[PDB]
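Let me begin by presenting the structure, written as structure tokens, before commenting on it.
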Amino acid sequence: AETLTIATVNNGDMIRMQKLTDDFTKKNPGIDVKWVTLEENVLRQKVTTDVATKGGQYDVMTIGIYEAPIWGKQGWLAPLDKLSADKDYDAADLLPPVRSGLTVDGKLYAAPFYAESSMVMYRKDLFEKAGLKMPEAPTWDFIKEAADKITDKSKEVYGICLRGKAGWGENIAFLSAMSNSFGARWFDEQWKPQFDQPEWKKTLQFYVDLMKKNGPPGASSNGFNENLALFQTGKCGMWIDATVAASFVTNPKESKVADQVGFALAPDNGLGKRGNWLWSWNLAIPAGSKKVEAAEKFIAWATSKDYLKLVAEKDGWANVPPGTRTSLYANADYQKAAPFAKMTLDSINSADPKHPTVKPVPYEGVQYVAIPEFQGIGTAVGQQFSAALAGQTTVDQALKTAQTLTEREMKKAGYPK
Ligand SMILES: OC[C@@H](O)[C@@H](O)[C@H](O)[C@H](O)CO
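Under the authors' numbering, the letters of the sequence shown match residues 22 to 438, in that order.
Okay, structure coming up:
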């Protein structure tokens, strides 16, 4: 009777959902589902276009915690009021930092499919061999020291892998969060960019030096999913990235290293911010959809306690989508299955998008800046920083250009207001 076209990202938990929709259609027999599966940079571009232009291409959209409140405030998204009121759905069980990030003027504009922070994943075996112990709360100087000791570029072992692929939510997510730990900020309180200041220089130079010495070849091509593969296939001593990866790297069905993974907090520099981030991937409906009832039903199915149970039954408790529900972290079976759960939740809770930086800022967001202009600005700055990583431009030149383009775009948009 109704068919939903759903735009989503090519991440593992979504690929897994695509295999489980018979459960949805069995429970909702008039409703079928088809997919448009895209890399995250491209998803963002296509969904933004669709939603802004009322393109009608996607009935359900996979969107981030960045987009949800912006688009929600603008009137571009249908409110998920039926979900918010539904007893079995139990929206109160959604983690508060996550639910609150998706809510505007008392209405929920997207439902979280999974959420995450960031942390260090490392190879226990390679640490033991190098004579190293990972502190629970490492510094960046320790990470640098460790990476230098583990690299064995002859045996295709890189001491560290980090995001290098250009994109507002790819390399820029990682670098922005890392910069906070170095005492940087994107903007001062007058919305002047800060790429010409010492803390961004320190961050970017630290990153480029680290990656040139100890990272994989062509890292400027590696996003989240390429790094996940490098880590899983045993090529990476340490990877500092999304907590969602923890289940994937410890699944022996897809990870050679599954029994050798350790976890520690995002690294810092003793400045008072660690820079662990807060992200969620969410499902949303365009305002003015003529398929709201069916779309609501799908979103409720995918983001319910029952969906977690469905995945647990099929693939094991460790492999459910993380970070969305108090009841998941309270579940003894999940805790037994997922040794990374406590640190994941602790990190989701400690992430501080309200106060991301050492110096006060006019924006919110750890790894992004919560303004509508960020997609375009972050994309352009991501291209500069990827070029610096690749040795195509100097670190200093990349920062000069980032400063100039950001000034240009912000003045064009009218800041400060
Ligand atoms: O969930 C893993 C990634 O899709 C996610 O970390 C995104 O890169 C996001 O942009 C991080 O803020």
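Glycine residues also receive a C-beta, built at the ideal position from the N, C-alpha and C atoms.
Supposed close pair residue 389, residue 197 - CB separation, criterion 8 Å: 7 Å
For residue 192, which three-state DSSP category applies? helix
Using 8 Å as the Cβ pair cut-off and three pairs as the minimum, do the region 236-247 and the region 173-183 touch? yes
Once you ignore the five residues that flank residue 387 on each side, which residues in its own chain have a CB closer than 8 Å to its CB? 197, 198, 201, 296, 297, 298, 299, 372, 373, 374 and 377
If you follow the beta strand (DSSP E) that residue 322 is in, where does it begin and where does it stop? Taken as a continuous stretch (DSSP letters only), residue 322 belongs to no beta strand (DSSP E), being part of the alpha helix (DSSP H) at 313-323.
Quick check: is any heavy atom of ligand 1 less than 7 Å from the C-beta of residue 32? yes
Going by DSSP in three states, residue 310 sits in which element: helix, strand or coil? coil
Relative to the C-alpha of residue 254, which candidate in 69, 275 and 336 has its C-alpha closest? 275
Using 8 Å as the cut-off, can you tell me whether the region 334-348 makes contact with the region 106-118, which would need three or more C-beta pairs spanning the two stretches below that distance? yes
Measuring only the C-alpha atoms, how far is residue 280 from residue 258? 14 Å
Under three-state DSSP, which class holds residue 134? Residue state, collapsed to three classes: strand.
Using the Cα positions of residue 99 and residue 110, report the straight-line distance between them to the nearest angstrom. 18 Å
List the endpoints of the continuous alpha helix (DSSP H) containing residue 38. 33-39
Take residue 91 and list the residues in its own chain whose beta-carbon comes closer than 6 Å to its own, dropping the five residues that flank it on each side. 393
Between the beta-carbon of residue 369 and the beta-carbon of residue 136, is there less than 8 Å? yes
If we call anything under 8 Å between Cβ atoms a contact, is residue 286 one with residue 157? At a Cβ-Cβ threshold of 8 Å, residue 286 and residue 157 count as neighbours.
For my contact list, residue 83 and residue 141 are in at a C-beta cut-off of 8 Å; report their separation, rounded to the angstrom. Actually they do not touch by this definition, with Cβ atoms about 27 Å apart.
Can you find a heavy atom of ligand 1 that lies under 7 Å from the Cβ of residue 409? Because no heavy atom of ligand 1 lies under 7 Å away, the Cβ of residue 409 does not count as near it: no.
Could you work out which residue in 63, 430 and 23 is closest to residue 50 when comparing CA atoms only? Of 63, 430 and 23, the smallest CA-CA separation from residue 50 is found for 23.
One question on the structure: do residue 329 and residue 313 come within less than 8 Å of each other, judged by their Cβ atoms? no
Quick one, are the C-beta atoms of residue 381 and residue 208 less than 8 Å apart? No.
For a minimum of 4 consecutive residues, which ranges assigned as the alpha helix (DSSP H) are wholly contained in the region 57-121? 61-73, 88-94, 102-106 and 117-121
Anyone know if the C-beta pair for residue 192 and residue 412 falls short of 8 Å? no
Residue 23 bridges to which residues according to DSSP? 52
Between the C-alpha atoms of residue 425 and residue 58, what's the straight-line distance to the nearest angstrom? 35 Å
Could you give the first and the last residue of the continuous beta strand (DSSP E) run that contains residue 286? 282-286
Report the three-state DSSP secondary structure of residue 139 (helix, strand or coil). strand
Tell me the rounded alpha-carbon separation between residue 427 and residue 214. 7 Å
Just checking residue 216 against ligand 1 - is the residue's beta carbon closer than 7 Å to any of the ligand's heavy atoms? no
Grouping DSSP H, G and I as helix and E and B as strand, with all else coil, what is residue 417? helix
Using the C-alpha atoms, what's the distance from residue 66 back to residue 433? Annotation: residue 433 to residue 66 spans about 21 Å, alpha carbon to alpha carbon.
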